[PDB]
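Engineer: Please see the structure below; I have some questions.
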Amino acid sequence: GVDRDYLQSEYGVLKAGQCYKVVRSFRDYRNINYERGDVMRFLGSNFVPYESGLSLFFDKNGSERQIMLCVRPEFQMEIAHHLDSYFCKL
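Residues in the sequence shown are numbered from 0 upward in steps of one, following the authors' numbering.
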């Protein structure tokens, strides 16, 4: 999958190698829903300043998921700026 060596190892509360429970269901920029109760391991992030395009990479049951968030008020800044509303460690 994604080349991990390009990824930032921490993004706010998210630390690579740690597992997180989704504590509020949310939909990403691709309009994919992640359901409360889901558990995923953080792999790392990448931010593309031009598009305000934040990618949060996770492992879920062995499959790589790219959660894409557009970090703008009208899109998903809400999620990117309040990650502890959405993810809880353990």
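Each residue gets a CB set at the ideal place from its N, CA and C atoms; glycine is no exception.
Which partner residues does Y85 have in the DSSP bridge list?
Structural biologist: Answer is none; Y85 lacks a bridge partner.
Engineer: Would the region 36-43 count as touching the region 3-20 if we require 3 or more Cβ pairs under 8 Å?
Structural biologist: Segments in contact, yes.
Engineer: Classify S62: buried if its beta carbon has 16 or more other beta carbons within 10 angstroms, exposed otherwise.
Structural biologist: The residue is exposed, with fewer than 16 neighbouring Cβ atoms inside 10 Å.
Engineer: Which same chain residues, not among the five before or five after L13, have their C-beta less than 8 Å away from its C-beta?
Structural biologist: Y19, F41, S44, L55, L82, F86
Engineer: DSSP beta-bridge partners for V38?
Structural biologist: BP columns for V38 point to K20.
Engineer: Using the rule of at least 16 other Cβ atoms within 10 Å of the residue's Cβ for burial, across every protein chain shown, is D4 buried or exposed?
Structural biologist: exposed
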